[PDB]
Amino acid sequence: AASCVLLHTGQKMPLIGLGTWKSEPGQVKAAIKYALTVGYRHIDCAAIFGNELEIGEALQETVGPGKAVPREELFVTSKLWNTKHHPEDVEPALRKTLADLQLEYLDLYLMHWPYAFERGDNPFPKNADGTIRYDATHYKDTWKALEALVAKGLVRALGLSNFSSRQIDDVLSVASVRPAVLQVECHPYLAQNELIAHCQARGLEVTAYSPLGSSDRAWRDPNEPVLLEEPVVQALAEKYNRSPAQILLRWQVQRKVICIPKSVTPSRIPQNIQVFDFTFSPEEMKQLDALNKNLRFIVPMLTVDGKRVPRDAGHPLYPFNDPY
């Protein structure tokens, strides 16, 4: 039970994938192997997560010309970190990921963010005051260097992560290799309808990260409301005899949006992919659609005067200034 969408490159990309953000080492390995046993065929990774090494070890014993899962039947994604936007660094950054992942090619390689950070070995270049010392490379230059990778057959498809509609069109206006996927935060509170309509218009499929709301991200502490716990989600969870998260994921699945739910919990892993045997009626979709309130949770902290404000909102290539 795992449907998929067809990318413009002709690749079959499963609607459900295994997220690995914060899936620390000594934990993601166990998660990966079990996920594969339960049907997962789509794994979502990132160099910044600092766990691709352990992921490579899991795939080294579950995927191969002998294991239970053929390499070609797996869809592996990864992303180019912000400190590797300079054209020169792009291939070394990709290769490194392949080394850690122990693969010969990625099925999808995404630019993690449209804005760059000072190049170097420090994933988070700060200075004195502790502020992030950015870089000025434009995403279009990083993108052309990313295209050379598809040429060398190191990556089958390219995509964008955290890009705005304007930035997406900016890449499309000069692309020799067109983005196949747009990965953004997406769930009932941030439905991304406008962006989704935009991508459909540009031939890009949409991947939703933090589909459950990230439960509490790597930084958050409001007080309410909580995506899970919304009465509609609970009502549907009761009606279809499924967990609140399955309801959130099914919602995305039903509207053809790819989801890469993250989990290192044995009992949730199989549940997060088991969202293909039930369906919501049009009215229930409407009810879930009504939860939309253009609210995004995956943004910075850099607390200032007892106030939470975006840390990188100052970057000229910041993706969240425009409506979408």
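When you see a residue number, it is the position in the sequence shown, counting from 1.
As recorded in the PDB entry, 63-71 is the stretch of 277-285 and 63-71 with the greater mean C-alpha temperature factor. In this entry, 306-314 has the higher mean Cα B-factor, the comparison being between 306-314 and 6-14.
Of the residues listed, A201, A235, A128, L160, the entry assigns the biggest Cα temperature factor to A128. When the C-alpha B-factors of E230, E205, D141, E88 are ranked from the entry, the top spot goes to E88. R133 sits in the highest third of its chain by CA B factor, as recorded in the PDB entry. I168: CA B factor in the lowest third of modelled residues in this chain (values from the PDB entry).
Among the modelled residues of its chain, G26 has a C-alpha B-factor that falls in the highest third, as given in the PDB entry. Among all modelled residues in this chain, the alpha-carbon of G50 has a temperature factor (C-alpha) in the highest third. In this PDB entry, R220 carries a Cα temperature factor that places it within the highest third of its chain's modelled residues.
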